[PDB]
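Note sheet for the following structure.
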Amino acid sequence: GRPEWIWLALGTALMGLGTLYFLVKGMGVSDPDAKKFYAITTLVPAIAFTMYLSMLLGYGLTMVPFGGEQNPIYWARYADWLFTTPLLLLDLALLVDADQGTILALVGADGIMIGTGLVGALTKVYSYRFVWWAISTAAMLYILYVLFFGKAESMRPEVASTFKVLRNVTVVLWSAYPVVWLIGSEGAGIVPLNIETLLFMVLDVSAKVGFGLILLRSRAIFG
Amino acid sequence: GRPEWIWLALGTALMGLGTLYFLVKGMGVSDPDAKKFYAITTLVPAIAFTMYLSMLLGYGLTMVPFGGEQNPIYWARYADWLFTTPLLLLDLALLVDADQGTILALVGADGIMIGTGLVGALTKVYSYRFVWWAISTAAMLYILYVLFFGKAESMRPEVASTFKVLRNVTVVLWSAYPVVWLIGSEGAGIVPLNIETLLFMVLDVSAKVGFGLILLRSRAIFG
Amino acid sequence: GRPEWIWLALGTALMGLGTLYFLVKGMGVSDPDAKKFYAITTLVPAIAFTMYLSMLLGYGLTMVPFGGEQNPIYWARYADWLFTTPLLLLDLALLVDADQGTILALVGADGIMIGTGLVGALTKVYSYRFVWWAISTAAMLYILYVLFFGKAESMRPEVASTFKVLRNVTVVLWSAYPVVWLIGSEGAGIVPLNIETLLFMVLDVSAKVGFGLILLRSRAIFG
Ligand SMILES: *C/C=C(C)/C=C/C=C(C)/C=C/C1=C(C)CCCC1(C)C
Ligand SMILES: *C/C=C(C)/C=C/C=C(C)/C=C/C1=C(C)CCCC1(C)C
Ligand SMILES: *C/C=C(C)/C=C/C=C(C)/C=C/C1=C(C)CCCC1(C)C
């Protein structure tokens, strides 16, 4: 039906397999700290799996009028990210034993990032969609700022090493989302929805399963 | 108007009385641990009370097209369960001093269970509704698994005793929900909505007020 | 377009400036406890900023049929309060080192207060709107009760002093909301929407930025 269906189907399959792999791999783990990381990390692709399935079956898709056309908007992505992005930030924060204040700042700014992105995606006045994109981007920039300038002296080498790798992976991949949104169907519409869907699938799988494989294979998750 | 109104009214009344009873019973409690259990346990029927009232007044009801008919779907149940089921799991987890990793696993899987159940309840393609039911059921099975195989050596007798009772009550009652959903109006439609509503009221009151009476009368909630 | 636009624009500007001020003021803070208070306190007007902008642009506004008319209902307020009121209660609770049980009681009752207020705001049967208002008010009264009768012996003077001031500010300002709602467009409609919007803007800015200035200038936030 929809040309982007193949990418949604592949996304569903990859998130599903990733979830199952992490689920199996986490069996037997008794270390409290490691359990936290496995729980957070397995839940991420499990949620993504449900939302990709939602998009594939057509439930997480809605039509938004703007620019004089009926624009297909997959709102299920925000329902996904609303829960998965904060969880991913939690993995990074727990890894460096961040204090509660910083965790709340990250989670709250993340909520603002996704919430304003959702508002922008459903906004009927074309020009306003970009106002929301700008605010969401400012929130993302705040998050990236905190990750880099927001624990070193008393920090295990493996912890510092894995955190630096996951932080770099996060900054690169997350930074692409606003660009894809801006040039894709939710924004300027210069890149067709099918290609946009492919881009998000690669980014999502990398930021979730890729990110997860790196974290769960590290000894940093253990006390 | 709607034949199932009597069960919604009785459900509203029972949840309301249960809330008031727990509220009174919890007065004077100074023990920190006991306070946690009273807060969690009183909030559960208070939320259920609001959603049952929502259904009674008709606000938590919507019409979903599928199978060639306008099907009355009480979505308010998921708004209820989304918050009450995780809270109930929290009572069980705190009772056994479960570690954060396991708590997150339970809460996250519970969210998936209710979220996919909601998607299934509102899905317009009949066959797909059952795909969502299957995923939600898999999440429930994971939860039941964790409760039984997911703390013994260093565990007070009263704690182990009450937990085992509440765990058995939980497995039996919770396991009935997917069956009721499957044979009821949201699924195969072989059992009429009025009878389905009665079933859920008995299950809800038992899983909330019944469950609550057992827990709050035990000495396990005290340090 | 809408006469109340000026108050929404001023609200947007004030919440935005307040957010920026708190953001700057919180720079350099290394004290863990102080960080918690700055995070919570800065997030509050940041969220309010987004919802006021939502109302200004028209996204957070919907039409609800009741009383034989199309009533303009700004639902964005509840999306705001759902997150900001619990955060404000968290500031007060952390300030007095409240135990988890009491925190959950406050947060849960707050959720009920806002959730039932939202249901009332969107209810099509006029008389029922007031039933929801009554339940929401009962939840607010419970919260006010807990704040006054729910830690003294072992409590720093500055902490007790600032808490008492913020508690008084909270009881006075919060108590006004149900009155405004009752006499405003969501209720009896005796006070026009434009005036109602002005009232909420003054209350919101005072309960958020005013409240925030008092808290963040106190030494109580430091360990
Ligand atoms: C599993 C998914 C991940 C890690 C998704 C990350 C999403 C973002 C960083 C999204 C950010 C956006 C903006 C900064 C601007 C507005 C549009 C968004 C929501 C695509
Ligand atoms: C107070 C209510 C309780 C304890 C409700 C429990 C609800 C469930 C365990 C629901 C589970 C469902 C499935 C496993 C399959 C799909 C349909 C549901 C949501 C009814
Ligand atoms: C930043 C906003 C604040 C501090 C808002 C406070 C909101 C309330 C205390 C609202 C309470 C209401 C009731 C008690 C009755 C029903 C209507 C409401 C939601 C306006």
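Points to keep in mind about this one:
- Share of Cα-Cα pairs in region B:65-195 lying beyond 21 Å, as whole percent: 44 percent
- Local net charge near residue C:15, Cβ-Cβ under 13 Å (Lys/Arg +1, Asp/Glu -1): 0
- Residues with amide H under 5 Å from that of residue A:67, placed H, sequence gap 5 or more: A:126
- Size of electric dipole in chain C: Cβ of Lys, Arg +1 and of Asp, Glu -1, about Cα centre, debye, nearest 20: 200 debye
- Copies compared at residue A:138 - label distances in nm, ascending, label defined 7 Å from Cα in the Cβ direction: 4.2, 4.2
- The other copies place their residue B:213 label points at 5.5, 5.5 nm from this one, listed shortest first, where each point is 7 Å from Cα along Cα→Cβ.
- Sorted by Cβ neighbour density within 10 Å, fewest at the top, the residues B:59, B:145: B:145, B:59
- Taking one quarter of the surface of the convex hull spanned by the alpha-carbon atoms of region A:1-122 gives a direction-averaged projected area of 8.7 nm².
- Position residue C:165, label points 7 Å along Cα→Cβ, spacing to each other copy in nm (shortest first, one decimal): 5.1, 5.1
- Computed over chain C, the range of Cα coordinates on each principal axis works out to 57, 35, 21 Å, biggest value leading.
- With semi-axes defined as the square roots of five times the eigenvalues of the C-alpha gyration tensor, the equivalent ellipsoid of the protein assembly as shown measures 32, 32, 31 Å, largest first.
- In order through region C:189-201: 3J(HN,Hα) via Karplus (6.51 cos²θ - 1.76 cosθ + 1.60), integer Hz, x for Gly, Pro: x, 8, 10, x, 3, 4, 6, 4, 5, 4, 4, 5, 5
- Here the 3J(HN,Hα) profile of region C:60-71, calculated from phi with Karplus coefficients 6.51, -1.76 and 1.60 at θ = phi - 60°, is x, 10, 9, 9, 10, x, 5, x, x, 8, 9, 9 Hz, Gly and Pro shown as x.
- Amide H contacts of residue B:74: B:62, each under 5 Å away and 5 or more positions distant or on a separate chain (H built 1.01 Å from N in the peptide plane; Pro and chain starts excluded).
- Take each residue of peptide C:99-109, count the partner chain Cβ atoms within 10 Å of its Cβ, and average: the result is 6.
- As a calculated quantity, the FRET efficiency between residue B:195 and residue C:63 at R0 = 35 Å, using C-beta atoms, amounts to about 0.40.
- Packing-based exposure ordering (other Cβ within 10 Å, fewest first) of A:186, A:196, B:158, A:69: A:69, B:158, A:196, A:186
- The HN-Hα couplings worked out from phi for region C:76-86 by the Karplus form 6.51 cos²θ - 1.76 cosθ + 1.60 (θ = phi - 60°) are 4, 4, 6, 5, 5, 4, 3, 9, 6, 5, x Hz, whole numbers, x standing for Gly and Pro.
- Take the Cβ atoms of residue C:97 and residue A:179, set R0 to 56 Å, and the FRET efficiency comes out at 0.80.
- Positive end of the dipole of chain C (Cβ unit charges, origin at the Cα centre): among C:41, C:23, C:115, the Cα lying farthest that way belongs to C:23.
- Neighbour-count ranking [beta-carbon atoms within 10 angstrom, fewest first] of C:127, A:185, C:154: C:154, C:127, A:185
- Label-zone membership for region C:187-201, site residue C:9, 7 angstrom Cα→C-beta point, backbone N under 20 Å: C:193-201
- Estimated FRET transfer efficiency (residue A:141, residue A:20; beta-carbon r; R0 30 Å; 0.05): 0.30
The numbers here are math on the coordinates, done by the rules we state, and not lab data. Virtual Cβ from ideal backbone geometry, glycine too; neighbours counted across all protein chains shown.
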